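Each remark here refers to the structure printed beneath this line.
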Amino acid sequence: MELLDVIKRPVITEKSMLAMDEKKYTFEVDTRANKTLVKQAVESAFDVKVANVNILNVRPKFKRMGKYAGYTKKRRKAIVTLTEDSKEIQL
Amino acid sequence: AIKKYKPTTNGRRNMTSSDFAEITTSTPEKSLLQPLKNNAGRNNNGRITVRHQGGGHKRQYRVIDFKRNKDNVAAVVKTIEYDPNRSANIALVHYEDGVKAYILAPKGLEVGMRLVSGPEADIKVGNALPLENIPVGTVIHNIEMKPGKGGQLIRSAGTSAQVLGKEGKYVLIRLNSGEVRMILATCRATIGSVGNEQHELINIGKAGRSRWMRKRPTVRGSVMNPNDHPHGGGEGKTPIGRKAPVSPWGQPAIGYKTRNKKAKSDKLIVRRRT
Amino acid sequence: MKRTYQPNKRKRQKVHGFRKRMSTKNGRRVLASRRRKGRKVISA
RNA sequence: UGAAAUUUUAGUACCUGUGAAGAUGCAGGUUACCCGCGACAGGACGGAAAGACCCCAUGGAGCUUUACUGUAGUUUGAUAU
RNA sequence: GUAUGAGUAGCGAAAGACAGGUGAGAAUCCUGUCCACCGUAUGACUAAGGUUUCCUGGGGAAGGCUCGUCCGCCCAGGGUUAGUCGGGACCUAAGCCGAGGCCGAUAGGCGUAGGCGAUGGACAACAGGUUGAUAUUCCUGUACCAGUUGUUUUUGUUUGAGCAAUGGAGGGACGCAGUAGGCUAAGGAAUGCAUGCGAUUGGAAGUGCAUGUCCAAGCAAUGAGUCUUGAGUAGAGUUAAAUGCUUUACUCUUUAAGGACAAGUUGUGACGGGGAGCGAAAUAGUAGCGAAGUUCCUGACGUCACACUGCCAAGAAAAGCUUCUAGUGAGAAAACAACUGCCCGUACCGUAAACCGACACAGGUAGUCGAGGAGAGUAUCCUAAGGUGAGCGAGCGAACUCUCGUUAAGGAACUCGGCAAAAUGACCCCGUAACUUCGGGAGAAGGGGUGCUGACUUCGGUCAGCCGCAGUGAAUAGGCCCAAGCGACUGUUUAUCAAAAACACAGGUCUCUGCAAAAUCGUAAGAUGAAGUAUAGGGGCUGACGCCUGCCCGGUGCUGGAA
RNA sequence: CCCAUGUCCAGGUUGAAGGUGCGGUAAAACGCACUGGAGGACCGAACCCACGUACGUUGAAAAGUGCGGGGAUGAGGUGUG
Ligand SMILES: [K+]
Ligand SMILES: [K+]
Ligand SMILES: [K+]
Ligand SMILES: [K+]
Ligand SMILES: [K+]
Ligand SMILES: [K+]
Ligand SMILES: [K+]
Ligand SMILES: [K+]
Ligand SMILES: [K+]
Ligand SMILES: [K+]
Ligand SMILES: [K+]
Ligand SMILES: [K+]
Ligand SMILES: [K+]
Ligand SMILES: [K+]
Ligand SMILES: [K+]
Ligand SMILES: [K+]
Ligand SMILES: [K+]
Ligand SMILES: [K+]
Ligand SMILES: [K+]
Ligand SMILES: [K+]
Ligand SMILES: [K+]
Ligand SMILES: [K+]
Ligand SMILES: [K+]
Ligand SMILES: [K+]
Ligand SMILES: [K+]
Ligand SMILES: [K+]
Ligand SMILES: [K+]
Ligand SMILES: [K+]
Ligand SMILES: [K+]
Ligand SMILES: [K+]
Ligand SMILES: [K+]
Ligand SMILES: [K+]
Ligand SMILES: [K+]
Ligand SMILES: [K+]
Ligand SMILES: [K+]
Ligand SMILES: [K+]
Ligand SMILES: [K+]
Ligand SMILES: [K+]
Ligand SMILES: [Mg+2]
Ligand SMILES: [Mg+2]
Ligand SMILES: [Mg+2]
Ligand SMILES: [Mg+2]
Ligand SMILES: [Mg+2]
Ligand SMILES: [Mg+2]
Ligand SMILES: [Mg+2]
Ligand SMILES: [Mg+2]
Ligand SMILES: [Mg+2]
Ligand SMILES: [Mg+2]
Ligand SMILES: [Mg+2]
Ligand SMILES: [Mg+2]
Ligand SMILES: [Mg+2]
Ligand SMILES: [Mg+2]
Ligand SMILES: [Mg+2]
Ligand SMILES: [Mg+2]
Ligand SMILES: [Mg+2]
Ligand SMILES: [Mg+2]
Ligand SMILES: [Mg+2]
Ligand SMILES: [Mg+2]
Ligand SMILES: [Mg+2]
Ligand SMILES: [Mg+2]
Ligand SMILES: [Mg+2]
Ligand SMILES: [Mg+2]
Ligand SMILES: [Mg+2]
Ligand SMILES: [Mg+2]
Ligand SMILES: [Mg+2]
Ligand SMILES: [Mg+2]
Ligand SMILES: [Mg+2]
Ligand SMILES: [Mg+2]
Ligand SMILES: [Mg+2]
Ligand SMILES: [Mg+2]
Ligand SMILES: [Mg+2]
Ligand SMILES: [Mg+2]
Ligand SMILES: [Mg+2]
Ligand SMILES: [Mg+2]
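Residue numbers (the deposited numbering), protein chains in the order written: chain W, 1 to 91; chain G, 2 to 275; chain 6, 1 to 44.
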């Protein structure tokens, strides 16, 4: 896939904001993207240098509106830790 | 010899076993071992084809050389060993070229004996010769029915056959069963008789010991139901109540011969027994 | 008091799984029957 | 907080008798003010199960054998290879 | 769909009480205090399974057997971070699939090479901290494994360092039982150490009370100890070769020497961390601070380690791994610097209200840890850590039913039957029959002792004294004997009305089977029997052991005979 | 029922064969001690089972519970595939 398609969007939550304080950013990524590809995509997109990348699979969450019940789409969440001496990602 | 256990318990009562005095070591040659799984009398279909088998102790197959076709060098008998697969004891022997092998243990075999194989081998216990080179009246074992196929006849503990005479391309032999028959003169055999002759005197003593030896209980047909066995059914204990006793599949179990009546080997069998 | 059903993911799939159904002709007959009837789930 | 089996409608006594021959309901007589609560289990041939015992059906099924007719296997011969 | 039964049965093992709070509303939600329950568990980990039930904030329609302000429910957001943990990119067992192939009305069955397949083998990281929810995953500190680039120092370039086979090898590599030893956890005691404190109910500033009383992986050194003879000469082998490995004969060595392992200990990791307790405001016991961490006793089947000893029933494979050359070779190695290392799981419940039982069900659910006194013990009673008060209650204290305690005198008169209950029960000592296969019977039977305080002991006792109705003062612990039938025995059986004299059994006997054995599955191929060979395998009957097993072959089977 | 591969059995008791020593003999047989630790061995938790009885019997439970009971190193229990 294309690097620009690897990363979908950032994750803004309390845990993600604490991560940012530690200079790590949480992104939703393509479910087929491995952490090495995620590292490459982040470097190309943001000019930063990546120290490490952690990655999790967020399972689909059951939901229901009225009489219809289904599942939210499965997601892939990546926590990217930038090295020192690296520009911060701005959101 | 046979050692008898004192009747400390009803199970131990009357039990006997072998002292394993002849056994000289308990460490089999790692090279000659092979894995064996317990088939429990079940064929590739998974059905029970032979009853009363399964369970029991694990075993490692020991590659026994029944062919004895290494005539080049002599083999020195290093050890006499117990073999779970067969009644007779085995013998580890080193060939002077460094090939290790297992053979059956003839009665009277001793560590250090230098056995030989081939037409020129002298007539001594443990040596292997083609039948044509064995003088009449000799006691032999580990006979093979096809040249190069390896010994098949006379391999159980204490068994032995005798050479009676020569004729044509065949040799006359009396087998352990008392049956007299012809065997191709090019077939080999080992001089002597299979050792461990005492094996027949062992008293198993308790059911659990049979279970160790992989024998599952045998249920008499007379105590089954009619749909299970021809003898099944009837109120209380009953006699056979048929023309003759029969197997679970109706085959008569007393005196009814089962050998194929057009057996090819009938031309070679001179006098039968059993 | 051990009941008939003892759940096991691996055993369920290996016995009733889609690939097990495909492996044999009659299993494919079952799948065809499920498709003809319109089952949402044709195999375990 | 909150069921169930059962349930033709019931204002649902006793004795003797009568009756498909063992009646809460029919006849004669006797007894009994109306509605309940706590207890018992004689009866409602009480509930539960279209009796398993017994008999019947030109019913079923499992089993047996010197029942009948077949047949897998086994065997013997002819013939082809 | 709605009645009747009926406002009836039931509301599913057990302890709650009060004060305060919240709220429209409180026995049922929150906080507090006391009380009570489990504690070889009702505690702590985990595999499977479930699949969001986890956290935060709201809600009280329905579900919760009452209520509910509350919940494993509903609504809205959020939560699972790995080169090292488990799995895959490693290996194989059973089993399964199966190129060609074999077999077969069709369909297909079987099966070789080759694969898949763990529950097994191999494999590099640990302590602490941190959030409301994750942590050997994040952070801190300090490591290790594989690899890349570079620098430097070494050394080889075709008489060639180095790498190195799918090949030759070694290795991996294994059973059960039994004690004995070492070491460490773990536990206990202490007028050891450190901190805090001095009671009010009569007494105690001391031998008073309470609490705590220690820390990795990795690196370096060392190591209780365990196992093992080691060389040389001549040969023969290891499809090719080998310096590797296997082995035959002959010399020296064999209380040794050499070699291979080894739990653990010491130091460093540690100026770090934890730690009794103290303790901040701005709003908690929270940042933060923080003492001591000794000796002695016991001591592990936890580990050395299947190490040793013994036994018969004789106890996986493969790869990783180490060598050998064959081949391949111009670059390799060491240090240092920097850098790279993918995918799946990671929440939560998990002797349960989250799994299997339709239920928030008295059932079932693999493995690990599982403390203290008395104690052999994980038994039993009461407790620690920790968890919990059971999802209807308040009264009353009738019959009747159930569960439980006691019972005058009698003591099986009950009853089909001593069914049930009662009684015996632990340890120590004395003593113990017929019979017997000489092992047993046997814990036979039947008796005695047991508490506490001194004295002495050879340390097990002894003597002396003291108290009670009673001393294994509670809980936990055989009732026994005589005789008969059946079965020898331990075992097995009708899941869910029968556990037995039934089955099995070791032993006995008969019979079939000469190996492509008989027997069985299959149309066949192909299998099991067997990688077995008549001392073996199949079938029938009998059923330990001891003494025995009589007569009949006319009939029916089987075996033989062949006119 | 079976295959492969794991795993579990607190704590006590008993004392087979073998061995050593001392007696005994001409040598022995044999006897007595010590050592040794066998067993479908003994007692008894967990675990497995399910003998008696009460209760339950629209049950807490479509087979259970309470109190007793048997086995508990084996022909054993049990997990995974
Ligand atoms: K016996
Ligand atoms: K054997
Ligand atoms: K039998
Ligand atoms: K019968
Ligand atoms: K459906
Ligand atoms: K009538
Ligand atoms: K009544
Ligand atoms: K029927
Ligand atoms: K109703
Ligand atoms: K009603
Ligand atoms: K709430
Ligand atoms: K594993
Ligand atoms: K090398
Ligand atoms: K380590
Ligand atoms: K250390
Ligand atoms: K986790
Ligand atoms: K103690
Ligand atoms: K305890
Ligand atoms: K409640
Ligand atoms: K009352
Ligand atoms: K009563
Ligand atoms: K009486
Ligand atoms: K009577
Ligand atoms: K007795
Ligand atoms: K007394
Ligand atoms: K007892
Ligand atoms: K019996
Ligand atoms: K028996
Ligand atoms: K008898
Ligand atoms: K029984
Ligand atoms: K039976
Ligand atoms: K007999
Ligand atoms: K037999
Ligand atoms: K018979
Ligand atoms: K038998
Ligand atoms: K006759
Ligand atoms: K006859
Ligand atoms: K019971
Ligand atoms: Mg991950
Ligand atoms: Mg048999
Ligand atoms: Mg029967
Ligand atoms: Mg029949
Ligand atoms: Mg009969
Ligand atoms: Mg009779
Ligand atoms: Mg009349
Ligand atoms: Mg009348
Ligand atoms: Mg009227
Ligand atoms: Mg009726
Ligand atoms: Mg009828
Ligand atoms: Mg009523
Ligand atoms: Mg309740
Ligand atoms: Mg207990
Ligand atoms: Mg919650
Ligand atoms: Mg909430
Ligand atoms: Mg409610
Ligand atoms: Mg195949
Ligand atoms: Mg958590
Ligand atoms: Mg005072
Ligand atoms: Mg060669
Ligand atoms: Mg130890
Ligand atoms: Mg977790
Ligand atoms: Mg009395
Ligand atoms: Mg009487
Ligand atoms: Mg009477
Ligand atoms: Mg009784
Ligand atoms: Mg007591
Ligand atoms: Mg019996
Ligand atoms: Mg028994
Ligand atoms: Mg039953
Ligand atoms: Mg029963
Ligand atoms: Mg019998
Ligand atoms: Mg026993
Ligand atoms: Mg269990
Ligand atoms: Mg017992």
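Just so it is clear, CB atoms sit at the ideal spot from N, CA and C, and this is done for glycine as well.
Taking the alpha-carbon positions, what's the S43 (chain 6) to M225 (chain G) distance?
Rounded to the nearest angstrom, the two C-alpha atoms are 43 Å apart.
So, for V181 (chain G): in the same chain, excluding its five sequence neighbours on each side, which residues have a beta-carbon less than 6 Å away from its beta-carbon?
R175, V271 and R272
Taking DSSP as the reference, what is the three-state secondary structure of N26 (chain 6)?
helix
Among the residues of its own chain, which have a CB less than 6 Å from the CB of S86 (chain W), if the five just before and after it don't count?
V48 and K49
Tell me the DSSP secondary structure of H200 (chain G) in three-state form.
helix
Which value, in whole angstroms, describes the spacing of the CA atoms of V195 (chain G) and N26 (chain 6)?
55 Å
Which residues share a DSSP beta bridge with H95 (chain G)?
According to DSSP, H95 (chain G) shares a beta bridge with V77 (chain G) and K101 (chain G).
Hey, could you find the ends of the alpha helix (DSSP H) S211 (chain G) is sitting in?
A208 to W213
To test your reading of the DSSP string, which unbroken alpha helix (DSSP H) runs of 4 or more residues are found completely within the segment 42-67 of chain W?
none
Residues that DSSP places opposite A190 (chain G) in a beta bridge
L130 (chain G)
Evaluate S32 (chain G) with the Cβ neighbour count: other Cβ atoms within 10 Å of its Cβ, from every protein chain shown; 16 or more gives buried, anything less gives exposed.
So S32 (chain G) counts as exposed.
Sorted by chain position, which residues of the same chain lie with C-beta nearer than 8 Å to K73 (chain W)'s C-beta, five sequence neighbours on each side aside?
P60
Under 7 Å Cβ to Cβ from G234 (chain G), same chain only, skipping five residues before and after it: list those, please.
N226 and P227
Look at the Cβ atom of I65 (chain G), then the Cβ atom of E23 (chain G), and state whether they are nearer than 7 Å.
no
Considering only the beta carbon of each residue, do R217 (chain G) and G55 (chain G) sit closer than 7 Å?
yes
Go to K4 (chain G), then tell me how far its beta strand (DSSP E) extends in each direction, as first and last residue.
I3 to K5
Whole-angstrom distance between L37 (chain G) and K59 (chain G), CA atom to CA atom:
Going by C-alpha positions, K59 (chain G) is about 8 Å away from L37 (chain G).
Are the CB atoms of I3 (chain G) and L202 (chain G) within a distance shorter than 7 Å?
yes
Buried versus exposed call for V220 (chain G) [16 or more other C-beta atoms within 10 Å across all chains shown]:
exposed
Do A208 (chain G) and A158 (chain G) have their CB atoms nearer than 7 Å?
no
Take every Cβ of the segment 21-34 of chain W, pair it with every Cβ of the segment 3-16 of chain G, and state whether three or more of those distances are shorter than 8 Å.
For the pair of segments examined, the segment 21-34 of chain W was found not to touch the segment 3-16 of chain G: the number of CB pairs separated by less than 8 Å stays below three.
Assess contact between the segment 45-55 of chain G and the segment 72-79 of chain G, defined as three or more Cβ pairs (one per stretch) separated by less than 8 Å. Is contact present?
no
What residue from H232 (chain G), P249 (chain G) and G251 (chain G) has the CA that sits closest to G242 (chain G)'s CA?
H232 (chain G)
Three-state class that DSSP yields for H16 (chain 6) in the structure shown
helix
Just verifying my parser: in three-state terms, what is the DSSP assignment at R36 (chain 6)?
helix
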